[PDB]
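A lone chain, given as structure tokens: the form deposited in one PDB entry.
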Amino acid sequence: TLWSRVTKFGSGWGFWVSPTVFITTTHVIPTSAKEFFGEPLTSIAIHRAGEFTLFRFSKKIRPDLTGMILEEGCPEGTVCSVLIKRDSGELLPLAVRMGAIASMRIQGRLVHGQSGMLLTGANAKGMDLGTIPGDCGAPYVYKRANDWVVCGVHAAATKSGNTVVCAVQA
């Protein structure tokens, strides 16, 4: 299942692309650490691009997994799924219609990534129909031919929880 790749990390979540590759949102990462998942920070490559961070481990941390396709966002009009895990034990896949890459003003801060709008729309008044701040690092995925593609990580949302930003690679 895709869902066993979504992992609690720092102040949010991350996603196992492969046995050695983990992606997350830069702001959720601990600022004090000597190891992650039992490997010394000494042995980990860190590639940061604004709110997107990729970790490459020097041994197989998740040898139960196959490697997946990671791409720099997706075409406009693609309906992605954001794979949200909650501390409650809920799994909440939500449909997101994707638009252009932009630098957007979101609750008083500038965030660069792929814009999206949830298909739940109008509102939520309902934590099960929108994102909350704790959800940052959740992956954006879609099916293409036979394959799941991951195309970024949850970086920010407006107060409704219904306009979102997907941070992307490079």
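Numbering starts at 1 and runs along the sequence shown. Shifts are known only where both forms have a C-alpha. Under this definition, the rigid core comprises the largest set of C-alpha atoms superposing within 1.5 Å between the forms.
Stretches 146 to 154 and 8 to 16 differ in mean C-alpha B factor, with the higher average recorded for 146 to 154. For the two regions 56 to 64 and 134 to 142, the entry's Cα B-factors average higher over 56 to 64. Taking the PDB entry at face value, the top CA B factor among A124, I69, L118, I29 belongs to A124.
In the PDB entry, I101 places in the lowest third of its chain by CA B-factor. Residue-level temperature factors show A167 in the middle third of its chain, judged at the C-alpha atom.
Keep in mind that the form deposited in another entry is missing from the display, and what follows is about it.
Only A124, out of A124, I101, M117, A49, shows a C-alpha shift of 2 Å or more between this form and the one not shown on alignment of the rigid core. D87: CA moves 2 Å or more between this form and the one not shown after rigid-core fitting.
Three angstroms is the minimum change: in the other entry, the CA atoms of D87 and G10 sit farther apart than in this structure, by 3 Å or more. Distance between the C-alpha atoms of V164 and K125: shorter by at least 3 Å in the other entry than in the displayed form. Once both forms are overlaid on their core, the residue ranges between this form and the one not shown with Cα shifts reaching 2 Å in three or more consecutive positions are 86 to 89, 123 to 126, 160 to 162.
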